[PDB]
């Protein structure tokens, strides 16, 4: 199971791809990791355009069966949420064009899947991702690490028949 995970946001976009074992305990190989960066010196449409281009390239190169993103919750819907939405919109256009389905999981679902319970610390999730990927050191930077956590979260729920389409 090849899964792309993505972590959007304002200035960075984490983009990772893992190949998960079809059987046994949750275990995966890291195929790709990057962070798409933005420039304050380019128009908004350039930032979003770059995200689309990079996501499409990764979807093309690795042909994942799924794209996984965080199900974003906001206490307040405002311009901040709107701008995170721009980045996800670019991801969705790429997924549409590449023919890859998209799934979303809440932050507590990630914590539960990777560190055992919904109140687990982000640090414990990071350590478990390191373990699942068989890595000497945990992935850096945090944006990439978060994208990988979401990809592995999808794989976990997909295996037990509870994947969550977006």
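Positions refer to the first chain, counted from 1.
Handout entry: Which of 131 to 139 and 95 to 103 has higher mean CA B factor, as the PDB entry lists it
Key = Mean B over CA atoms: larger for 131 to 139.
Problem - Greater mean Cα temperature factor according to the PDB record, 30 to 38 or 53 to 61 - result: The entry gives the higher C-alpha B-factor average to 30 to 38.
Practice task
Can you pull the Cα B-factors for 66, 113, 121, 69 from the entry and say which is highest?
Solution key: The C-alpha B-factor peaks, among 66, 113, 121, 69, at 121.
Exercise for the section: Sort 15, 10, 18, 149 by C-alpha B-factor from the entry and give me just the highest. Expected result: Highest C-alpha B-factor among the listed residues goes to 10.
Practice task
Would you mind checking where the Cα B-factor of residue 161 ranks among the modelled residues of its chain, as the lowest, middle or highest third?
Solution key: Answer is highest: the recorded C-alpha B-factor places it there.
Exercise for the section: For residue 86, return the chain-relative third of its C-alpha B-factor as stated in the PDB record: lowest, middle or highest. Expected result: Lowest third, going by the recorded CA B-factors of the chain.
Handout entry: Ranked C-alpha temperature factor of residue 155 among modelled chain residues, by third
Key = Its C-alpha B-factor, which the entry lists for residue 155, ranks in the lowest third among residues of this chain.
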